[PDB]
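Engineer: So that we are looking at the same thing, I have put the structure below in structure tokens.
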Ligand code: HEM
Ligand code: HEM
Ligand SMILES: [Fe+2]
Ligand SMILES: [Fe+2]
Ligand SMILES: [Fe+2]
Ligand SMILES: [Fe+2]
Ligand SMILES: [Fe+2]
Ligand SMILES: [Fe+2]
Ligand SMILES: [Fe+2]
Ligand SMILES: [Fe+3]
Ligand SMILES: [Fe+3]
Ligand SMILES: [Fe+3]
Ligand SMILES: [Fe+3]
Ligand SMILES: [Fe+3]
Ligand SMILES: [Fe+3]
């Protein structure tokens, strides 16, 4: 079994995106932990682990088709200073991933490769869930304010 | 046994009110959950389940008297956007229900049907409890303010 | 993310159908229980609970796309006196739902919205299972007769 | 505390009715057991025990008001040969009891004695439940028939 | 919700009666304990706790109707030296309470307030039970006598 | 063993104060609960129970000296509307009790009655602890403010 | 509440004494442990912990009266080389503490402050117990001799 070059190109691009997201989320979680924001740090760490799992699944699929996974690329990593900036960077990453996923699913399903399409479908569902969470948090920050919002995620122990 | 038409009319009206309340409470709970207000959503969901139980009891009573329960009617459903509006809509629903319940209890007890009157009495007690809760929450929101009040019901986990 | 108005129209129509089915199934279960047919009533209750689960999933999907769920309109509720009539009404409801589901799945998948299509696919599978059950019960009633069939679902307790 | 003679008259009448019902139900249960109708007898015994409890409650209420309970008077006991006849006799007893209960509740509540009215209210609810069960069983027998209905309550043991 | 002033007046009067009964029963139980009549003292203490429960229910009902509970007014407390005198004082208190309860129930039920009527109904049942107990004990004392009756409620130690 | 009239007078005055404090604390706890302030209500209820225990101990001591406990008196009961007013009323009650306790301890210990002095000593220690708590809460309210302070004692239910 | 400056002066002096005793006892325990006398070291360490408990109680009492505890001042710490010298230093410390405690108790009880007097009473009882222990050990050393006495407190103990 040998997949089409275009399918492998799509999968490798998604893999590069996954690696970039992993790095960005881990760095954001560490930065949030250093400031005393504990629950945000826990949530961000869990998100980074989920991205790790996605990268593993993509690597397995690429290996099954007799391709060469790319572990050398990296997209630009965005780092914020306040909470709003971090949320906005995450939203940008998610939007890019969703657009790429939809286009790839269409192209893959047009050439009789169904398993890759299902993989992208699952990843797309997860990305939509995460983006919904991010938008909800941004709305909450907009309504309450920065200080009153941060007062709810600080713990002393 | 065949009940009077007026008793069955009262019971069917209360059933329609129960169904409307169930729908409104579930929609409000889902809307609150979508915004990140977790404990409010839990409380509203519990209230919706209680209304479901009330509807079931009313249906049983109507069936025992050899009547036809009405599952096709619906009153107007009110949807709010902020917390104050939701509380106000719930208060309106409760006030209407309480007035109807008192009138129905009087009429039923005037014609020698005691079990239906007892059913309405229990429902009336529950409605009064819920309306008291709603008024307390409105007072708390008035005293504190929307932002500080909402800061106490938000939690991000898993 | 804002979905197309046509997708939301399809989802809201399916939601209205779900609410109507919930009402009809619960009323039928109560009516069957009042007559002494306990085993039928248990199954009808289970079906009504499944219909609620479907309605909840649909509501969540509609909320995620920034739409307004419709909890105000209902279709026509069918009530039967015999058991054959109840089965026939349920069959009619199921056939309508299946037709709507297939058309909606095609339309949704034509516009690059995959998650909604998957939701409709799951609902369609469930509806097909239920319709198969209903047809089997109608065949059994036709073969045995109403009295001999009803003699098998009554208890004293 | 001494109650009005009319309240005590009502309570004693209701006690005589309870004793008659106890005797009739126990005799019917024994007769049904002799014929091999195993599942009906258990239900009939349970009904007889419930009547015993009702009689005890009435006796306690009468004693608290400084009255003399009547354990010497009985009404006419009806015995049936078929199952339809037994159900019909039970229905007659229940209808009489319900009428008496409603009239007594009205009279008692007109003279400021609330506890006796509540006692009759509870008894009335129980009587309504039992009469509903009896009517359902009569309908089932009418639909199925004597032999097919009786075939569902026999057991080898 | 705002109840009629007459209903609140009835409820406050019943509350005052409850507080008076609590005080009297506790004092009687302590006095009985000081003399060595342990088994009587246990029963009297339990009765005092029941009177507390009644008072709490009444206070909650009054608060739900947007009224002001009265915790400042008391009736006259009766204290006896013998056991017959204690039983007689308790009987007097119970008779007064029962009369008030019946009149209040009628008045409340005449104005479409059912929950308060149910509360008074429950309290009335409890009071009737207690008065029956008191009368039975008085009859036993009359039949046996003071010394032979008291010989059955004294215990050395534990 | 017959105590001096002055010692019994002191003990009866302290008993009257205890009964008044019990009533006031219970009413305040119920009022706080009706408004949605849960933890405050729990704390106030515990304080009322402690006052009940103090009253029981005083009654036992009075009975052991062959005296007549007074269960008919009552001092003026203070009721507030906001939290600050309730705390201030409690502070006033505590200050009065402490002054009376010190004077009584001196007088009792001057006449060779040591057990009563020890009883008052224990009660005095408890009163000082409670007054310290009240002053701390008043300082916290002064610093934070009423709304931000009340935002920390409100909960939903289940 | 604002205590008299003299009471606070007494309490602060006792606190300084407690801190000095804590330091001396811990140093003695460590020195004894370094030489191989394990059983003596355990007892001395326990005594140091008791001194901490006393210091904490004193600090809490001083804070309740709206005073400023003194954690900066120390007395002279005595260090011995042999065991007899350590026991003698401890005896000196205890005697000073007992004298101060008695005078302070009298002064405090003369001004109507009973809780502080009770605190000093408890501390005085503990000090008397410890001084009795020290004198018994000195007598044992005098009778047996240093070598035969030390032979009973050494363990190879891994
Ligand atoms: C999304 C909407 C709904 C949710 C989440 C929901 C949830 C539930 C659940 C979990 C139960 C108990 C499950 C069981 O024990 O089998 C229940 C029971 C019940 N529901 Fe619903 N349901 C919904 C819709 C409705 C509607 C629309 C009605 C009436 C129009 C209704 C009426 C009832 C009744 C009467 C019961 C009592 C069932 C019994 O006792 O047999 N429900 N509901
Ligand atoms: C002067 C009036 C009162 C006196 C002398 C009094 C006395 C007492 C005493 C000494 C106890 C002992 C409880 C124990 O040993 O744990 C007690 C129990 C109790 N009383 Fe009172 N009380 C009075 C008023 C009230 C009121 C007005 C209420 C309610 C609003 C009340 C509620 C209670 C409760 C709840 C308990 C038991 C607490 C528990 O079991 O958790 N009391 N009473
Ligand atoms: Fe991912
Ligand atoms: Fe309801
Ligand atoms: Fe469905
Ligand atoms: Fe009966
Ligand atoms: Fe009472
Ligand atoms: Fe006290
Ligand atoms: Fe010390
Ligand atoms: Fe993601
Ligand atoms: Fe309600
Ligand atoms: Fe279905
Ligand atoms: Fe019956
Ligand atoms: Fe009572
Ligand atoms: Fe106090």
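Every residue number used here counts from 1 along the chain in the order it is shown.
Just so you know, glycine gets a Cβ as well, placed from its N, Cα and C.
Sharing the features that Swiss-Prot gives for it:
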type	residues	note
BINDING	E:18, E:51, E:54, E:127	Fe cation 1 binding site
BINDING	E:51, E:94, E:127, E:130	Fe cation 2 binding site
BINDING	E:52	heme b binding site
DOMAIN	E:1-145	domain 'Ferritin-like diiron'
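Explain the structural surroundings of these features, please.
Structural biologist: Other C-beta atoms found within 10 angstroms of the C-beta of residue E:18 (Fe cation 1 binding site) number 21, with every protein chain shown included.
Same-chain residues at least 6 positions away in sequence with a Cβ under 8 Å from that of residue E:94 (Fe cation 2 binding site) are, in sequence order, E:127, E:130, E:131, E:134. DSSP gives residue E:94 (Fe cation 2 binding site) a helix state.
DSSP gives residue E:52 (heme b binding site) a helix state. For residue E:52 (heme b binding site), the same-chain residues 6+ apart in sequence whose C-beta sits under 8 angstroms from its C-beta are E:22.
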Engineer: Provide the three-state DSSP residue tally for the domain 'Ferritin-like diiron' (E:1-145): helix first, then strand, then coil.
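Structural biologist: The composition, in the requested order, is 116 helix, 0 strand, 29 coil.
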Engineer: Beyond E:18, E:51, E:54, E:127, what residues of that chain have CB atoms within 8 A of the centre of the Fe cation 1 site's CB atoms?
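Structural biologist: Other same-chain residues near the Fe cation 1 site: E:17, E:21, E:22, E:50, E:53, E:55, E:97, E:123, E:126.
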Engineer: What other residues of this chain sit with their CB within 8 A of the center of the CB atoms of E:51, E:94, E:127, E:130, the recorded Fe cation 2 site?
Structural biologist: E:21, E:47, E:50, E:90, E:93, E:97, E:126, E:129, E:131
Engineer: Of all the binding-site residues here, E:51, E:127, which one's CB has the most other CB atoms within 10 A?
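Structural biologist: When each Cβ's neighbours within 10 Å are tallied, E:51 tops the list.
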Engineer: Residues with Cβ closer than 8 Å to the Cβ of residue E:54 (Fe cation 1 binding site), same chain and 6+ apart in sequence?
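Structural biologist: Looking at Cβ-Cβ distances below 8 Å from residue E:54 (Fe cation 1 binding site), excluding near sequence neighbours, one finds E:18, E:123, E:126.
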